[PDB]
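Below sits a lone chain in structure tokens, taken as the form deposited without ligand DHY.
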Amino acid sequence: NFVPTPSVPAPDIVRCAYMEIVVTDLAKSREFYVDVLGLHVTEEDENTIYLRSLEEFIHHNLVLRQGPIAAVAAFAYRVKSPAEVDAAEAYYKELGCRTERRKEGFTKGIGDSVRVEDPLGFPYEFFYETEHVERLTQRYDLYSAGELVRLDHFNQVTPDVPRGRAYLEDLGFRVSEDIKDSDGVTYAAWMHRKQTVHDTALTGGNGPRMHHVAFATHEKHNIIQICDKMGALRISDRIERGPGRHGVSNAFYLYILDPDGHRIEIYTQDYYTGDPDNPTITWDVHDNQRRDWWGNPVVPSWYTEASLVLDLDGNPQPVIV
């Protein structure tokens, strides 16, 4: 059942920082992420595109890499100092996980990093060093009507949520909201290191799979404009669920699908979770409002489709059904 708790301290994680996504047609994906969504290109080449949101100063929040199979190559977290990359390496080695360290980084603009196949089969990366680039916070001359301003969280699908939760708590994540039954069993959990509702969340299901990566906008009208632009471009069929308001997290949300089917959440409205005794909100598994505060109808694909993730050799991790 439970992942053992190492005797070495967990690495001090600051926040989720970026995700590396493999796409099958780079030009088609570039059209979606840059021309439709408006993400900012930090740099690109024939095979990879480095994108960042408006208020980011690190090198990128998303890396799109062309590959033969659409999948997620890495969920990356920034750690507090260089020594924490060492700590992350030691922690996972004690758990017996495969680890790979590259002083020069795995993606451009990132420095010394360690990638690991974690206990739940996910490719996690921990890094501290990264090139700083121009922070576009006040470049209102580049601000689009649907501007994505920051990367907020990842959502992972795994078969055993209680095992996943205890493992992430040992890593230092705290639970801001969870869904449990009368028995006290955790069905899903929102976990954070930074002061928003979450950096990652665990959803029960066949896995390991990536459910979605999420960006925030400043206000609700920005999310509506994304829908409107998609309708004008005749790609409204890529709008999967939303807009709506989730009861869990209180987020005003929208889920859309990229060309390979990877799910992107765009939401707005966070609340502060930084206090040491921030109250956990537990939702009952039968409370309808947990999914949708407004009662919007259920979208089946949202519970069944999710992206494959890769092992450190670049091959898909088998999905446990």
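From 1 onward, residues are counted along the sequence shown.
The same protein also has a form solved in complex with ligand DHY, omitted here; what follows describes it.
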*Given that the partner is absent here, does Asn155 sit within 4.5 Å of ligand DHY in the deposited bound form, heavy atoms only?*
yes
*asked:* Whether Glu56 contacts ligand DHY in the deposited bound form should be assessed with a 4.5 Å heavy atom distance threshold; does it?
replied: no
*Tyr33, heavy atom within 4.5 angstroms of ligand DHY in the deposited bound form*: no
*asked:* Even though the partner isn't displayed, in the deposited bound form is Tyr267 close enough to ligand DHY, meaning a heavy atom within 4.5 Å?
replied: yes
*ligand DHY isn't shown here, but in the deposited bound form, which of 115-123, 167-175, 247-255, 83-91 has heavy atoms within 4.5 Å of it?*
247-255
*Does the trio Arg52, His60 and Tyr128 actually contact ligand DHY in the deposited bound form, every residue with a heavy atom within 4.5 Å?*
no
*Could you run down 197-226 and flag each residue that has a heavy atom within 4.5 Å of ligand DHY in the deposited bound form?*
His198, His212
